[PDB]
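Below is one structure, written out as C-alpha cells, with a few remarks after it.
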Amino acid sequence: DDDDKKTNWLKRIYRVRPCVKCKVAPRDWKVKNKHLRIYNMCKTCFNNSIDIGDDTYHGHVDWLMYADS
Ligand SMILES: Nc1ncnc2c1ncn2[C@@H]1O[C@H](COP(=O)(O)OP(=O)(O)O)[C@@H](O)[C@H]1O
Ligand SMILES: [Zn+2]
C-alpha cells in the first residue's frame, strides 16, 4: 500500500532529525489540511527563541500525508 510508504517515511523523518536548536527533543508539528507541518524546533526552544529575540531557527517543512497528490 503506497499510503503506508508515505506514512513510514514521515515517521522516520520525524524520528531521526530532532529540534534544530537543542538537538535532543523531537520537533513541534501540526496537521494543516492534508499536510503534516514539521516545525524546526521543539516547543520549549521555539518559545525560548521568542524571549531571546532570535528568529534564526524559525521555520517548518510541510509534507503531503498521502501517496497520491
Ligand atoms: N516550533 C517551531 N519552531 C520553529 N518555527 C516555528 C515553530 N512554530 C511556529 N514557527 C514559525 O512561526 C510562524 C507561524 O507558523 P504557523 O502558525 O504554522 O503559520 P500560519 O498558521 O500563519 O500559516 C512560521 O514562521 C513558523 O515557521
Ligand atoms: Zn529544542
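The first residue in the sequence is number 1, and the count goes up from there.
Contact record, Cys19 with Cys42: SG-N, 3.2 Å, taken as the closest heavy-atom pair. Between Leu64 and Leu10, the shortest heavy-atom contact is O-CD1, 3.9 Å.
Between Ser49 and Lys21, the closest side-chain pair of non-hydrogen atoms is not below 4.5 Å.
Both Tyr66 and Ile13 belong to a single network of hydrophobic side chains, linked directly or stepwise wherever heavy atoms of I, L, V, M, F, W or Y lie under 4.5 Å apart. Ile38 and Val31 fall within the same hydrophobic cluster, where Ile, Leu, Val, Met, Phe, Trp and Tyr residues are linked whenever their side-chain heavy atoms come under 4.5 Å apart, directly or through other members. Tracing side-chain contacts under 4.5 Å through hydrophobic residues (I, L, V, M, F, W, Y), one reaches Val20 starting from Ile50; they form part of the same cluster.
Residue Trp9 holds its CH2 atom at 9.0 Å from CH2 of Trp63, rounded to the nearest 0.5 Å. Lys23 NZ to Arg17 CZ: the interatomic distance, rounded to the nearest 0.5 Å, is 9.0 Å. Rounding to the nearest 0.5 angstrom, the gap separating the NE2 atom in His60 from the CG atom in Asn40 is 8.5 Å.
Aromatic rings from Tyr39 and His58 are positioned such that their centres are separated by 6.0 Å or more.
Within a 6.0 Å sphere centred on CZ of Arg15, other residues, nucleotides and ligands contribute more than 12 heavy atoms.
Listed by first then second residue, pairs satisfying salt bridge (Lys or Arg N to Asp or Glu O under 4.0 Å) with a partner in residues 27-46 read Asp28-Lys43, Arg37-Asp62, not counting sequence neighbours.
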Quiz prompt | Test salt bridge (charged side-chain N to carboxylate O under 4.0 Å, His left out) applied to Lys6 and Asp3, step by step | solution = CA-CA 5 Å; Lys6 180 55 76 66; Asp3 279 342; over 6 Å; no

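Of the residues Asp2, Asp1, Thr7, the one that meets the side-chain contact (heavy atoms from CB on, under 4.5 Å) test with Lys5 is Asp2.
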